[PDB]
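S.K.: This is the structure I have questions about; it appears just below.
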Amino acid sequence: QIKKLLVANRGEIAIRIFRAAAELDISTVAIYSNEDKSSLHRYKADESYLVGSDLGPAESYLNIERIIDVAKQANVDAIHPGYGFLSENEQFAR
Amino acid sequence: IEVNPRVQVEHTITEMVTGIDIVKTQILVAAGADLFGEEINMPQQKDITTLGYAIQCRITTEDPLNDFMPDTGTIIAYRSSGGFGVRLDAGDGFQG
Amino acid sequence: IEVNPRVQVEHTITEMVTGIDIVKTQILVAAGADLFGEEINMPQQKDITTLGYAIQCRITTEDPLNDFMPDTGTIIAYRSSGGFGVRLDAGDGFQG
């Protein structure tokens, strides 16, 4: 019952998720930071948005409120956290 | 020891011997689908077995000359493999 | 119908479900090695099954909208795709 999916991660894991979701005929959404302006995972998805234009490139991926702001403004009904960022974060799921 | 409540990096290694796609199934569980259903095609508990062996290596930018510490720079040349048995879930290293 | 006395293009498809490298086995047979031996390590007759299913096709330049005639020239852009379960075997397709 999922129309489109967002990946709250970057790099190899994101690309793995986009490939899985596109196989399930589900639209894909990717986020990036200031220093990942040209990371591979930015291009392998259907939709790509910049998170935290003001916040640093390290903190950008770990900003619970701003990642939700992107998902909301894109009709995203499912987010895959990946691993080693907000994957073990409780208040992100809530 | 502990519980990792998500997919790990070394997940690929298991998929190859079992046959089952972990990441795919993750999305399918989110939709509310049954395990042994027509959508996941997960085999039964005594139907899941390992085929052969599998080994994983992570390709970072670490080396014993700088004692396993990353470096900055444009990746001038990227040479990748492929073929039978070799599985490539890439993401970071390319043209330059 | 007939017997093909060599490897085929589609050999890859069988390799993925059995877990056996035909090409590598093929070379070890010429070396005089035993498949039930040290070198090849192939499982006995009834130990072999098929882990799931596999599909193969070839990407050619035969134009489908024009009687399947191989369009020749110079390729400007080429982008492949890895991912779990997906085995690539590139022939002539590269970025130039």
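Every chain in the structure tokens takes a letter, A first, then B, and so on in the order presented; its residues are numbered from 1, and the ligands are numbered from 1 following the presented order.
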Output as a PDB file with N, CA, C and O atoms, in the first residue's frame the set of chain A residues within 10 Å of chain C, with distances taken over only C-alpha atoms.
M.R.:
ATOM      1  N   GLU A  12      25.992   3.692  -0.438  1.00  0.00           N
ATOM      2  CA  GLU A  12      25.671   2.368  -0.977  1.00  0.00           C
ATOM      3  C   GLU A  12      24.312   1.827  -0.538  1.00  0.00           C
ATOM      4  O   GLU A  12      23.634   1.145  -1.307  1.00  0.00           O
ATOM      5  N   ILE A  15      21.246   3.533  -2.485  1.00  0.00           N
ATOM      6  CA  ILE A  15      21.163   2.975  -3.837  1.00  0.00           C
ATOM      7  C   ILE A  15      20.539   1.579  -3.811  1.00  0.00           C
ATOM      8  O   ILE A  15      19.739   1.231  -4.680  1.00  0.00           O
ATOM      9  N   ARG A  16      20.896   0.798  -2.796  1.00  0.00           N
ATOM     10  CA  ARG A  16      20.309  -0.518  -2.585  1.00  0.00           C
ATOM     11  C   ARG A  16      18.797  -0.436  -2.333  1.00  0.00           C
ATOM     12  O   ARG A  16      18.037  -1.261  -2.851  1.00  0.00           O
ATOM     13  N   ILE A  17      18.371   0.557  -1.551  1.00  0.00           N
ATOM     14  CA  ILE A  17      16.948   0.757  -1.250  1.00  0.00           C
ATOM     15  C   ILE A  17      16.162   1.211  -2.485  1.00  0.00           C
ATOM     16  O   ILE A  17      15.079   0.688  -2.752  1.00  0.00           O
ATOM     17  N   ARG A  19      16.776   0.677  -5.604  1.00  0.00           N
ATOM     18  CA  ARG A  19      16.677  -0.467  -6.505  1.00  0.00           C
ATOM     19  C   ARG A  19      15.599  -1.448  -6.054  1.00  0.00           C
ATOM     20  O   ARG A  19      14.878  -2.004  -6.881  1.00  0.00           O
ATOM     21  N   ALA A  20      15.495  -1.651  -4.743  1.00  0.00           N
ATOM     22  CA  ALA A  20      14.483  -2.536  -4.172  1.00  0.00           C
ATOM     23  C   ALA A  20      13.077  -1.962  -4.345  1.00  0.00           C
ATOM     24  O   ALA A  20      12.156  -2.674  -4.748  1.00  0.00           O
TER      25      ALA A  20
END
S.K.: Please return, as a count of residues only, all residues of chain B lying within 12 Å of chain C when only C-alpha atoms are considered.
M.R.: 39
S.K.: Which of chain C end up as alpha helix (DSSP H) when DSSP is run on this backbone - answer as number ranges by chain?
M.R.: C: 11-18, 22-30
S.K.: Would you export the selected residues with N, CA and C atoms as a PDB file, in the first residue's frame, please?
M.R.:
ATOM      1  N   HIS C  11      24.750 -20.095 -20.428  1.00  0.00           N
ATOM      2  CA  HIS C  11      25.331 -20.885 -19.335  1.00  0.00           C
ATOM      3  C   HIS C  11      25.204 -20.194 -17.967  1.00  0.00           C
ATOM      4  N   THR C  12      25.304 -18.865 -17.977  1.00  0.00           N
ATOM      5  CA  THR C  12      25.253 -18.018 -16.785  1.00  0.00           C
ATOM      6  C   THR C  12      24.019 -18.276 -15.921  1.00  0.00           C
ATOM      7  N   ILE C  13      22.892 -18.483 -16.588  1.00  0.00           N
ATOM      8  CA  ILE C  13      21.598 -18.650 -15.948  1.00  0.00           C
ATOM      9  C   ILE C  13      21.560 -19.877 -15.022  1.00  0.00           C
ATOM     10  N   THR C  14      22.201 -20.960 -15.458  1.00  0.00           N
ATOM     11  CA  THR C  14      22.288 -22.208 -14.704  1.00  0.00           C
ATOM     12  C   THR C  14      23.285 -22.092 -13.547  1.00  0.00           C
ATOM     13  N   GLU C  15      24.316 -21.275 -13.738  1.00  0.00           N
ATOM     14  CA  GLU C  15      25.331 -21.041 -12.714  1.00  0.00           C
ATOM     15  C   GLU C  15      24.735 -20.419 -11.452  1.00  0.00           C
ATOM     16  N   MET C  16      23.769 -19.519 -11.632  1.00  0.00           N
ATOM     17  CA  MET C  16      23.185 -18.770 -10.519  1.00  0.00           C
ATOM     18  C   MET C  16      22.243 -19.595  -9.632  1.00  0.00           C
ATOM     19  N   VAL C  17      21.595 -20.604 -10.215  1.00  0.00           N
ATOM     20  CA  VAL C  17      20.642 -21.443  -9.474  1.00  0.00           C
ATOM     21  C   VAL C  17      21.279 -22.677  -8.818  1.00  0.00           C
ATOM     22  N   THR C  18      22.331 -23.206  -9.437  1.00  0.00           N
ATOM     23  CA  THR C  18      23.060 -24.347  -8.884  1.00  0.00           C
ATOM     24  C   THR C  18      24.193 -23.892  -7.967  1.00  0.00           C
ATOM     25  N   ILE C  22      30.558 -23.020 -14.226  1.00  0.00           N
ATOM     26  CA  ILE C  22      30.755 -23.947 -15.344  1.00  0.00           C
ATOM     27  C   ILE C  22      32.118 -23.708 -15.987  1.00  0.00           C
ATOM     28  N   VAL C  23      32.387 -22.447 -16.321  1.00  0.00           N
ATOM     29  CA  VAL C  23      33.622 -22.038 -16.986  1.00  0.00           C
ATOM     30  C   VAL C  23      34.851 -22.509 -16.208  1.00  0.00           C
ATOM     31  N   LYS C  24      34.836 -22.306 -14.892  1.00  0.00           N
ATOM     32  CA  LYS C  24      35.942 -22.728 -14.029  1.00  0.00           C
ATOM     33  C   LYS C  24      36.035 -24.255 -13.926  1.00  0.00           C
ATOM     34  N   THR C  25      34.881 -24.923 -13.851  1.00  0.00           N
ATOM     35  CA  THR C  25      34.821 -26.388 -13.871  1.00  0.00           C
ATOM     36  C   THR C  25      35.376 -26.904 -15.196  1.00  0.00           C
ATOM     37  N   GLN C  26      34.909 -26.285 -16.278  1.00  0.00           N
ATOM     38  CA  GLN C  26      35.303 -26.597 -17.647  1.00  0.00           C
ATOM     39  C   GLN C  26      36.820 -26.627 -17.829  1.00  0.00           C
ATOM     40  N   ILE C  27      37.508 -25.640 -17.257  1.00  0.00           N
ATOM     41  CA  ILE C  27      38.968 -25.563 -17.345  1.00  0.00           C
ATOM     42  C   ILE C  27      39.628 -26.670 -16.519  1.00  0.00           C
ATOM     43  N   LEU C  28      39.054 -26.960 -15.354  1.00  0.00           N
ATOM     44  CA  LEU C  28      39.590 -27.984 -14.459  1.00  0.00           C
ATOM     45  C   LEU C  28      39.396 -29.407 -14.989  1.00  0.00           C
ATOM     46  N   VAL C  29      38.444 -29.584 -15.902  1.00  0.00           N
ATOM     47  CA  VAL C  29      38.236 -30.873 -16.569  1.00  0.00           C
ATOM     48  C   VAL C  29      39.343 -31.134 -17.601  1.00  0.00           C
ATOM     49  N   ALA C  30      39.810 -30.063 -18.242  1.00  0.00           N
ATOM     50  CA  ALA C  30      40.921 -30.132 -19.195  1.00  0.00           C
ATOM     51  C   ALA C  30      42.262 -30.399 -18.506  1.00  0.00           C
TER      52      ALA C  30
END
S.K.: Taking the chain letters and numbering used in this document, name the residues of chain C that DSSP puts in strand (DSSP E), as an MDAnalysis selection string.
M.R.: chainID C and resid 62:63 69:70
S.K.: Put those residues in a file: N, CA and C atoms, as a PDB file, in the first residue's frame.
M.R.:
ATOM      1  N   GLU C  62      20.496  -4.503 -32.498  1.00  0.00           N
ATOM      2  CA  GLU C  62      19.465  -4.859 -33.476  1.00  0.00           C
ATOM      3  C   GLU C  62      18.205  -4.030 -33.236  1.00  0.00           C
ATOM      4  N   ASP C  63      17.942  -3.087 -34.139  1.00  0.00           N
ATOM      5  CA  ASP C  63      16.821  -2.158 -34.004  1.00  0.00           C
ATOM      6  C   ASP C  63      15.474  -2.859 -34.224  1.00  0.00           C
ATOM      7  N   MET C  69      18.007  -5.121 -37.621  1.00  0.00           N
ATOM      8  CA  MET C  69      19.302  -4.933 -38.277  1.00  0.00           C
ATOM      9  C   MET C  69      20.256  -4.162 -37.357  1.00  0.00           C
ATOM     10  N   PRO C  70      21.410  -4.772 -37.008  1.00  0.00           N
ATOM     11  CA  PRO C  70      22.365  -4.205 -36.046  1.00  0.00           C
ATOM     12  C   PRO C  70      22.876  -2.816 -36.434  1.00  0.00           C
TER      13      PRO C  70
END
S.K.: Within 10 Å of residue A:64, counting only C-alpha atoms, which residues qualify if same-chain residues fewer than 6 places away don't, as a short mmCIF file (atom, residue, chain, number, x, y, z; two decimals) with N, CA and C atoms, in the first residue's frame?
M.R.:
data_model
loop_
_atom_site.label_atom_id
_atom_site.label_comp_id
_atom_site.auth_asym_id
_atom_site.auth_seq_id
_atom_site.Cartn_x
_atom_site.Cartn_y
_atom_site.Cartn_z
N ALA A 8 16.35 7.94 4.34
CA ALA A 8 16.97 8.87 5.28
C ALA A 8 18.49 8.67 5.39
N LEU A 86 19.82 7.42 11.84
CA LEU A 86 18.61 7.51 12.66
C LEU A 86 17.89 6.17 12.69
N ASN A 89 17.35 5.37 16.20
CA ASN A 89 16.75 6.53 16.86
C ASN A 89 15.25 6.33 17.11
N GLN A 91 12.86 8.52 18.61
CA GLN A 91 11.98 9.67 18.34
C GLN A 91 11.79 9.97 16.86
N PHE A 92 12.61 9.35 16.01
CA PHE A 92 12.45 9.48 14.56
C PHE A 92 11.24 8.67 14.09
N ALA A 93 11.14 7.44 14.59
CA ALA A 93 10.02 6.55 14.28
C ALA A 93 8.70 7.07 14.83
#
S.K.: So that I can check the surroundings of stretch 75-81 of chain A, please list as an MDAnalysis selection string every protein, DNA and RNA residue that reaches within 9 Å of it, counting only C-alpha atoms and ignoring chain neighbours fewer than 2 positions away.
M.R.: (chainID A and resid 2:9 14 17 28:29 70:73 83:88) or (chainID B and resid 6 26:27 30)
S.K.: So that I have them on file, write out the residues from the current selection with C-alpha atoms, as a compact mmCIF listing (two decimals), in the first residue's frame.
M.R.:
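Writing done, so here's selection_30.txt:
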# COMPACT_ATOMS: atom_id res chain seq x y z
CA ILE A 2 3.06 2.28 -0.37
CA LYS A 3 3.08 4.78 -3.27
CA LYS A 4 6.48 6.44 -2.69
CA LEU A 5 9.51 5.98 -0.43
CA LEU A 6 12.20 8.21 1.10
CA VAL A 7 15.67 7.06 2.18
CA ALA A 8 16.97 8.87 5.28
CA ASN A 9 20.49 7.70 4.39
CA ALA A 14 20.47 4.28 -0.32
CA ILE A 17 16.95 0.76 -1.25
CA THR A 28 11.87 6.84 -4.79
CA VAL A 29 13.03 9.95 -2.89
CA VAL A 70 10.94 17.02 2.95
CA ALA A 71 8.85 13.83 3.19
CA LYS A 72 5.69 15.87 3.89
CA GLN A 73 6.28 18.29 0.98
CA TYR A 83 21.80 1.94 8.90
CA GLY A 84 23.98 3.93 11.30
CA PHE A 85 22.20 7.29 11.42
CA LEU A 86 18.61 7.51 12.66
CA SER A 87 18.07 3.75 12.25
CA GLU A 88 18.34 3.16 16.01
CA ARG B 6 17.89 -2.80 11.41
CA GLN B 26 11.78 -4.80 4.64
CA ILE B 27 9.61 -2.62 2.37
CA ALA B 30 5.86 -2.12 5.87
S.K.: For residue B:92, work out the shell of residues within 12 Å, counting only C-alpha atoms and skipping chain neighbours fewer than 2 positions away, then give it as number ranges by chain.
M.R.: A: 10-15, 36, 38-42; B: 58-61, 74-75, 78, 89-90, 94-96
S.K.: May I have the residues within 6 Å of stretch 54-63 of chain A as number ranges by chain, using only C-alpha atoms and disregarding those fewer than 3 positions away in the same chain?
M.R.: A: 33-35, 66
S.K.: Keeping only N, CA, C and O atoms, write the selected residues to a file as an mmCIF file, in the first residue's frame.
M.R.:
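Below you can see out.cif, which holds the result:
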data_model
loop_
_atom_site.group_PDB
_atom_site.id
_atom_site.type_symbol
_atom_site.label_atom_id
_atom_site.label_comp_id
_atom_site.auth_asym_id
_atom_site.auth_seq_id
_atom_site.Cartn_x
_atom_site.Cartn_y
_atom_site.Cartn_z
ATOM 1 N N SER A 33 23.282 16.426 1.584
ATOM 2 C CA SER A 33 23.819 17.552 2.356
ATOM 3 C C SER A 33 24.725 18.449 1.512
ATOM 4 O O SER A 33 24.851 18.250 0.303
ATOM 5 N N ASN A 34 25.352 19.430 2.162
ATOM 6 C CA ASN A 34 26.242 20.389 1.495
ATOM 7 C C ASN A 34 27.449 19.746 0.814
ATOM 8 O O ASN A 34 27.838 20.157 -0.279
ATOM 9 N N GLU A 35 28.036 18.745 1.462
ATOM 10 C CA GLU A 35 29.209 18.066 0.912
ATOM 11 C C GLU A 35 28.860 16.865 0.031
ATOM 12 O O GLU A 35 29.687 16.405 -0.759
ATOM 13 N N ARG A 66 13.749 18.247 9.931
ATOM 14 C CA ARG A 66 13.916 18.707 8.549
ATOM 15 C C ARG A 66 13.693 17.604 7.510
ATOM 16 O O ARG A 66 13.210 17.876 6.409
#
S.K.: Tell me which of A:68, A:74, A:31, A:21 sits closest to residue A:53, counting only C-alpha atoms.
M.R.: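 Result for the nearest residue to residue A:53: A:31.
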